[PDB]
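Asks: Can you keep this structure in mind? I'll have questions shortly.
For neighbour counting, all protein chains shown are included, and Cβ atoms are generated from backbone atoms with ideal geometry for every residue, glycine included. All of the numbers you see were taken from the coordinates with simple rules; none came from a lab.
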Ligand SMILES: Nc1nc2c(ncn2[C@@H]2O[C@H](COP(=O)(O)OP(=O)(O)OP(O)(O)=S)[C@@H](O)[C@H]2O)c(=O)[nH]1
Ligand SMILES: Nc1nc2c(ncn2[C@@H]2O[C@H](COP(=O)(O)OP(=O)(O)OP(O)(O)=S)[C@@H](O)[C@H]2O)c(=O)[nH]1
Ligand SMILES: Nc1nc2c(ncn2[C@@H]2O[C@H](COP(=O)(O)OP(=O)(O)OP(O)(O)=S)[C@@H](O)[C@H]2O)c(=O)[nH]1
Ligand SMILES: Nc1nc2c(ncn2[C@@H]2O[C@H](COP(=O)(O)OP(=O)(O)OP(O)(O)=S)[C@@H](O)[C@H]2O)c(=O)[nH]1
Ligand SMILES: Nc1nc2c(ncn2[C@@H]2O[C@H](COP(=O)(O)OP(=O)(O)OP(O)(O)=S)[C@@H](O)[C@H]2O)c(=O)[nH]1
Ligand SMILES: Nc1nc2c(ncn2[C@@H]2O[C@H](COP(=O)(O)OP(=O)(O)OP(O)(O)=S)[C@@H](O)[C@H]2O)c(=O)[nH]1
Ligand SMILES: Nc1nc2c(ncn2[C@@H]2O[C@H](COP(=O)(O)OP(=O)(O)OP(O)(O)=S)[C@@H](O)[C@H]2O)c(=O)[nH]1
Ligand SMILES: [Mg+2]
Ligand SMILES: [Mg+2]
Ligand SMILES: [Mg+2]
Ligand SMILES: [Mg+2]
Ligand SMILES: [Mg+2]
Ligand SMILES: [Mg+2]
Ligand SMILES: [Mg+2]
């Protein structure tokens, strides 16, 4: 009936694009997210309330204001960006150790799969150290926010962890 | 008057096909079940509420959310898949030891009997270690969800364990 | 209704893997255990509270903090490691002489039996000097945490020493 | 109205099979009993609560946890096993000298009489030294747990020693 | 209701084995007894408190610490060891002259009768000079601690000298 | 639930950087610590209260004000600084002899491992004379406060010595 | 329940190593013992309070401060040091004639048996003139403090002389 979500990731990942592809159905032009966007999207008789936030180094320290009462998390990672996959691992291993996100479900959108140099979801699952997760449910999906592929299959998995 | 059921199994078994052969009467095209499907089907003045779930390795850890208040279980096994009959045995022996499913009735749909290389229900009864069950009623039926054979004979047995 | 357990052993044995094979049902990737993990697992209407600890030489001196109020002990030994079976014997004969573990039940998981060079449970029973135990109940089981074999047969024996 | 029973014996005797032939009415497949099974069976307006335990050499030392508040004992002996009739005599003469079982009624199921090489109940009565019993009521019955013969004639005798 | 016992003898006799055959019922592996073992065993509504001690030449001089308040003595002699039957005679004739053991009852376990070269209890009664005992009750029993024969017939005789 | 920590070391080690890498997650610019910094960081349901202090020769004489009620100590040593490893040994051997830190747990952050000329944790363990510690638990971890490596593995070990 | 011990010997013997192998279980690095170390170790429900002292020629004259109220003595001798076995004999024959140690039990740890040139316990028993002891109980054990062999067999003998 209701669910709260927090979309996060590094800069350039695709968070805003994913959100406004789910909410509107169209690919909008984007500006860097200094503040935050919040939007409700309905699916399977469930109303997800997604909070997209900034990924710039200066806003990554303000994510803590949103950890509270968060039932799911969506970590978006740019697959073409193979040089920052270590920074994302640091961020995610730091945010998995926070106690406010202790029960949160973990979903990972490996975005930008339409690009030729994109890296597979298994290569990302290995590079991010996702099998090391033990206190938490987790899942990884390959997406293309510009085409909508894999986006409605993530909200479908998040439904498993309802209530 | 009412009854709750949980259809489970490995990936590729036939759970969704069975459910929407009971509910609609037609063989639908299928996509992998990331989330869950739920459907009510009426038979013998009884309204079974079936919950079909995913069998992918990543969703097999989310079945626990559904064990509660479950009055029957339907384990679907692909008979042609003779290489994964051990994995199904592991899953079933693990899920028989859970205390939330302590009184649940056990039914086993040995599906895909229309295939030439299919294995008999007795060979499956031996490979799955079903005679080892002692705290539980159990039953095994040979099916073909594409043709509907053996599907209405399972709901008929589940009626024995009403109320 | 309740029971407290302490899983211990040398480094590389399989303690964390055993624990999160009992708790989750899946084989997780692992990191060396510097601190401690604690998890409750239900079985036979009993809630075992298992404490997995480190086996590095530097943490073997901190196990004493956990001996108190411990009702069972699970000593995991790597069978393939035939060169450190003497060190494990030293550790176990030292920890059997402690007075806080005076009534504790002893279980021994001879793990890594899936490996070809693994050594039998009787060869381990001879090398560890287990028949020399006289003030204590004891038992040895052959396991494979990656496949779950022999793991639910140890918790079954620990139930004998309930209350 | 109530009665407590302890089924014991060597390994391979037929304890679990007897119990789940009385409780369910069917011959189940069996696994070695590492822990314990407990089941209530009604007969003649009496509710016997039977505790079946392991017979492996390692569990024979844990039977003492169950001697307390035990009103009847059922010693199952394999008749075909004519090479271990001395070990059973040792076990039974040891367990007859315990003070917690001081008033317990003694029943002996000489099982596996369907086998051609089976030994008579009188030959067993002589080999077990049962006439030497003087502080205790005792009785010996010839059974076949696979067919149920002689099983309901033992619970019938145990009723003599009610309250 | 209570009774205190002192098990003594030469090295290799069978004292520890006898004690932990009475207490546990199983034949344990053994290490030389440098210190002492103490165990309570119940039988015939009597709680014998047995003190097993070392027989090495260096510990035979520390037995005096235990003579006090000792109500019975159990001298174990290896029958196969026909070359040290004179040393045992010396030890026993020395310990019969002590004034702290002035009223103690004397029992002699001629152990290791299962061995082919074992010597009869009468040959031992002659070699040990047991008929020369006049200030003391005495008794000699033939045993086999590995099989338990003759062990419960010694505690039975010790009951004669209760209180 | 709570724990008090004292981070100390020579000047240039990395204490402030470690503290504000644990607390904020970012690498801050730093000024020499004339006074003291104090910060609470949560991890594993434990709230460590860390006190970072100055290492200048003039402030090393004011550390005594903080020894009281200190449950853990974190000695940070610059590995690249191979010319002051003797001064750190002097400081640590002096502060190990204080009676207010009598029960304190010892952790050693060998920091600046990202530098090419850095010295191994074993070379530091030898140069600091850490095996000479006998009245105290101790542990040494290799870190890189700029990257966060090895920092959450020290707080994990400090949890072993809780309460 | 309690016992007081004095560990003594020449320099280089192994006293400190023995003590902190009994107390901690690990082999610590060592410095010459100018003063004294004191540690309580529990075993067999007994709390031994061991006082390790220096063996340098200048501290051998301060041992007298500790002779009082000493219930046991542990003389450690280096077996590899075959050139100072006469000096140890002098020291021990001098300290056996003191009247404060008149009732003390004597134990001798012939340490460093892991070395190839080590001398047997009987050769030491002959060289030290231990059979000449007549006013005192005595015992000699072969050890290896680095491996713990023979250390828990000395505390076991010291228990014989309790109270
Ligand atoms: N070619 C391609 N571009 C994508 C895809 N997904 C997202 N993008 C594009 O990549 C750019 C960055 O996406 P954007 O949503 O603006 O970043 P962000 O996640 O919000 O992070 P920020 O707000 O801190 S800059 C955008 O131009 C967006 O259109 C994809 O699948 N393929
Ligand atoms: N030939 C044949 N195909 C069958 C039969 N029963 C089911 N199937 C087919 O096998 C395929 C898998 O069935 P499906 O229901 O989609 O898997 P699932 O049980 O839902 O598991 P999943 O959702 O995690 S992929 C489908 O193409 C389905 O049509 C059968 O009896 N014969
Ligand atoms: N091939 C095989 N590997 C096993 C088995 N059991 C455990 N392991 C593997 O051996 C490795 C060590 O297991 P692990 O649980 O991490 O050690 P530990 O007991 O926790 O000790 P540590 O934390 O101090 S490193 C792991 O890679 C684990 O997956 C087995 O039965 N077969
Ligand atoms: N042929 C035959 N088999 C019997 C009979 N009674 C029991 N059994 C069989 O003998 C085997 C052993 O019986 P079982 O009940 O499993 O041993 P147990 O008494 O429980 O002892 P355990 O659990 O320590 S292995 C089983 O395969 C069982 O089916 C009988 O009367 N005839
Ligand atoms: N073959 C055989 N061995 C026996 C018998 N009784 C005892 N033993 C064996 O003889 C050996 C010595 O017995 P043990 O109990 O250890 O000596 P002890 O009396 O305690 O004397 P010690 O502790 O000073 S070495 C053991 O290996 C034991 O198992 C017997 O009846 N037959
Ligand atoms: N290259 C590198 N620099 C590090 C590392 N860890 C800490 N530092 C850097 O070394 C410098 C000293 O660290 P700092 O935390 O300010 O010293 P301090 O421990 O607080 O001691 P002080 O306050 O008395 S000056 C800083 O510029 C810091 O950024 C590292 O791992 N690699
Ligand atoms: N190779 C070997 N070394 C041993 C053994 N036992 C003790 N030592 C070593 O011999 C050295 C001396 O031991 P130590 O305990 O320091 O002397 P001490 O008895 O305390 O006398 P001191 O304090 O007046 S210098 C140490 O380096 C110690 O590690 C052994 O069994 N084998
Ligand atoms: Mg954005
Ligand atoms: Mg499906
Ligand atoms: Mg581990
Ligand atoms: Mg059984
Ligand atoms: Mg002995
Ligand atoms: Mg600073
Ligand atoms: Mg010393």
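Asks: I need the semi-axes of the equivalent ellipsoid of the stretch G:5-56: take the C-alpha gyration tensor, multiply each eigenvalue by 5, square-root it, list largest first in whole angstrom.
Replies: Numbers: eigenvalues 74, 31, 13 Å².
Output for the stretch G:5-56: semi-axes of 19, 12, 8 Å.
Asks: Something else: Give the chain A residue with the shortest beta-carbon distance to the rotation axis relating chain A to chain D, plus that distance as a whole number of Å.
Replies: Closest Cβ to the A-to-D rotation axis, residue and whole-Å distance: A:1, 63.
Asks: Something else: Tell me the Rg and the Dmax, in Å, that the Cα atoms of the stretch F:29-105 produce.
Replies: When restricted to the Cα atoms of the stretch F:29-105, Rg and Dmax are 13.7, 40 Å.
Asks: Averaging over all projection directions, find the projected area of the Cα convex hull of the protein assembly as shown and quote it in nm² with one decimal place.
Replies: On the way: hull surface 223.9 nm².
Averaged projected area of the protein assembly as shown's Cα convex hull equals 56.0 nm².
Asks: Connecting C-alpha atoms closer than 10 Å in a GNM of chain G, tell me which of G:31, G:133, G:46 has the biggest fluctuation.
Replies: G:31
Asks: Gaussian network model of chain D, Cα springs within a sub-10 Å range: biggest mean-square fluctuation belongs to which of D:79, D:147, D:132?
Replies: Residue with maximal mean-square fluctuation among D:79, D:147, D:132: D:132.
Asks: On to the next question. So what is the relative contact order of chain D, in percent, for Cα pairs below 8 Å that sit 6 or more residues apart?
Replies: Values: 287 pairs, mean separation 40.5, N = 163.
Computed value for chain D: 25 percent relative contact order.
Asks: Separate question: May I ask what percent, to the nearest 5, of DSSP beta bridges between residues of the stretch A:3-161 are antiparallel?
Replies: Of the beta bridges lying entirely in the stretch A:3-161, close to 30 percent run antiparallel.
Asks: Listing F:91, G:50 from the residue with the fewest other Cβ atoms within 10 Å to the one with the most, what is the order?
Replies: Values: F:91 19, G:50 22.
With the fewest neighbours first, F:91, G:50 line up as F:91, G:50.
Asks: Between residue B:31 and residue B:135, how high is the FRET efficiency from 1/(1 + (r/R0)^6) when r is the Cβ-Cβ distance and R₀ = 35 Å? Nearest 0.05.
Replies: Working: r = 36 Å, r/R0 = 1.04.
For residue B:31 and residue B:135, the calculated efficiency is 0.45.
Asks: Using a Förster distance of 60 angstrom, determine the FRET efficiency expected from the C-beta separation of residue A:149 and residue B:156, and round it to 0.05. Don't jump to the answer; show the numbers that get you there.
Replies: Values: r = 42 Å, r/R0 = 0.70.
The computed FRET efficiency comes out at 0.90.
Asks: Okay, moving on. Between residue D:49 and residue A:127, what FRET efficiency comes out of the Förster formula 1/(1 + (r/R0)^6) with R0 = 56 Å and r the beta carbon distance, rounded to 0.05?
Replies: Numbers: r = 57 Å, r/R0 = 1.02.
So the FRET efficiency works out to roughly 0.45.
Asks: Can you give the % of DSSP beta bridges in the protein assembly as shown that are antiparallel, to the nearest 5?
Replies: On the way: 63 of 217 bridges.
Antiparallel bridges: around 30 percent, rounded to the nearest 5.
Asks: Take D:75, B:48 and order them by how many other Cβ atoms sit within 10 Å, fewest up front. Please list the in-between numbers first.
Replies: On the way: D:75 25, B:48 22.
With the fewest neighbours first, D:75, B:48 line up as B:48, D:75.
Asks: Could I ask something else about it? Do the sum for the protein assembly as shown: with -39,500 (n - 2.57) for every DSSP H run of n ≥ 4, divided by all residues, what is the mean residue ellipticity at 222 nm, to the nearest 500 deg cm²/dmol?
Replies: On the way: 35 runs with 266 residues, N = 1141.
Helix-only estimate at 222 nm: -6000 deg cm²/dmol.
Asks: Related question: Beyond 21 Å, what share of the Cα-Cα pairs of the stretch A:72-163 remains, rounded to the nearest whole percent? If you can, show how the numbers build up before the last one.
Replies: Values: 1240 of 4186 pairs.
Considering the stretch A:72-163, 30 percent of its Cα-Cα pairs are separated by more than 21 Å.
Asks: May I ask you to work out the translational diffusion coefficient for the stretch B:3-161 at 25 °C, viscosity 0.890 mPa s, via Stokes-Einstein with Rh from the Kirkwood sum over Cα pairs, reported in whole µm²/s? Intermediate values should be presented prior to the final figure.
Replies: Values: Rh = 15.6 Å.
Once the numbers are plugged in, D ends up at 158 µm²/s.
Asks: If each residue's Cβ is checked for other Cβ atoms within 10 Å, how do F:65, B:65 rank with the fewest at the top? Walk me through the numbers before you get to the answer.
Replies: Values: F:65 10, B:65 15.
Starting with the residue having the fewest Cβ neighbours, the order is F:65, B:65.
Asks: Among B:96, B:62, B:24, whose mean-square fluctuation peaks in a Gaussian network model of chain B (Cα, cutoff 10 Å)?
Replies: So, out of B:96, B:62, B:24, the one fluctuating most is B:24.
Asks: For labels at residue A:59 and residue B:82 in the simple 7 Å Cα→Cβ model, what's the distance in nm?
Replies: Rounded to a tenth, the inter-label distance reads 5.8 nm.
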